[PDB]
Ligand SMILES: [Ca+2]
Ligand SMILES: [Ca+2]
Ligand SMILES: [Ca+2]
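Numbering (the deposited numbering), first residue to last: 21 to 501.
As structure tokens, this is what we get:
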């Protein structure tokens, strides 16, 4: 059976935005008020959130901002699965909120963490939402040399003893742009300052290959003109390669009918670097936001060349016309919803490929009538063993993410606050519940999932907290592969 093995408190001081939702014009224009609750522009929970948990050998690395509203420091915690002990590092940087307005919480601005399995360096990317040298902070700090925020460690830092797991392991900014003695934020990953390359970036997400190569991808640009860029860590050189575009910017002048933006995620799946995404075209049409569903994979271990669509055909690279990578048109799921903005696709998209080559993609497609969602359609698109017909069904529960281990795919979530796992054989839509925490166990408000070596690492926010400091836990659940 799937079994809970460990439950570990991470902190009682995780930052939470305990105020109310603010519009973007509100967030940009309103001044701070002392004693205010911590308002927010998007979500209210920045911890656990983003690419915030990784497992390397016997270490679980977890990031979070610390509360409350006057603190907001970037934190890195390492739990040792062999000793049961944890150690945390406080970084000088504090969450800068919405475009420098640090009293408005900004859940885009996560802290991503990765370990290089080659040289055991630690990498952190944090507090970014497409900032640039001329981002207007409204009088809240100088961002001209701080629009891209990277911290990294000495080689070997991942495995030092707890008492040595300190800021001493991390490398200061000693460039000509350095702020001084506690500046751990680097404006580049390549050793070369490059505003074209490192501005307008959002959503840091690392992934690793079988052989221990480490990669990063981010979104560059805007919701009207956006691309995914990705690079590779060069352990032998102590730096990263130049960002490479999966798709172009300015597609409207390079072969597509119009510029577009890309909503998806690259992952390492069944031994290959791949991407699944949806497109936002911003045409005045039936699509309030995103349209389509797309997927491509690379047969190149570096992920740079040999990109193909699900049929195995080479695609243009960098991609200009998303339809080369088409798998499904979610507008089809509401075939009579033809009025302006009547098909609303704003989230709920995910994908995976199992170790047997089964391709799986999920989506949420909403019907939008008089400015309200009146129908929610969940889809599951899947191809057994990478061949044959692509099956799409709407007989799928309200799940927003898919995971994989062994021959299976998994839905993992919270039901009445308690973690559950549903499992299906890859290449199928036949889920059964195989784990549900028992009555009397704790209740959680939010969790992020990391699958590693046949185990589920569930990084969880405990429900029922008050104020801007809350309690997070780590659960380690054996998937019994
Ligand atoms: Ca700096
Ligand atoms: Ca549109
Ligand atoms: Ca097999």
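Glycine included, C-beta positions come from ideal geometry on N, C-alpha and C.
Check	Outcome
Segment contact flag, the region 283-299 with the region 369-381, C-beta cutoff 8 Å, min 3 pairs	yes
Anticipated Cβ contact below 8 Å, residue 328 with residue 319, distance rounded	7 Å
Straight-line Cα distance separating residue 233 from residue 347	28 Å
C-beta contact flag for residue 340 and residue 271 at 7 Å	yes
Under the three-state DSSP convention, the category residue 112 falls into	strand
Segment contact flag, the region 35-53 with the region 68-77, C-beta cutoff 8 Å, min 3 pairs	no
Assigned secondary structure, residue 349 (DSSP; H/G/I helix, E/B strand, else coil)	coil
Residue 214 CB to nearest heavy atom of ligand 1 below 6 Å	no
Proximity test, residue 205 beta-carbon vs ligand 1 heavy atom, cut-off 6 Å	yes
Any non-hydrogen atom of ligand 2 within 6 Å of residue 305 CB	yes
Supposed close pair residue 135, residue 83 - CB separation, criterion 8 Å	In fact, because the Cβ distance is near 12 Å, the residues do not count as touching under 8 Å.
Cβ separation of residue 4 and residue 170, assumed to be a contact under 8 Å, to the nearest whole Å	No answer is possible for residue 4: it lies beyond the span of the chain, which begins at 21 and ends at 501.
Terminal residues of the alpha helix (DSSP H) in which residue 45 lies	44-49
Distance CB(residue 265)-CB(residue 239) smaller than 7 Å	no
Inside the region 44-85 only - beta strand (DSSP E) runs reaching at least 3 residues	73-76 and 79-85
Host beta strand (DSSP E) of residue 227 (start-end)	221-228
Residue 91: CB within 6 Å of a non-hydrogen atom of ligand 1	no
7 Å Cβ cutoff met for residue 425 and residue 497	no
Delimiting residues of the alpha helix (DSSP H) encompassing residue 240	No alpha helix (DSSP H) contains residue 240, which is instead part of the beta strand (DSSP E) from 234-241.
Check: residue 488 C-beta below 6 Å from any heavy atom of ligand 1	no
Residue 376 beta carbon near ligand 3 (any heavy atom closer than 6 Å)	yes
Any non-hydrogen atom of ligand 5 closer than 6 Å to residue 147 Cβ	Summarising the ligand content, the structure contains ligand 1, ligand 2 and ligand 3 and does not contain ligand 5.
Complete runs of the beta strand (DSSP E) confined to the region 351-375 [at least 3 residues]	370-373
Option in 448, 456 and 444 with minimal Cα separation from residue 435	456
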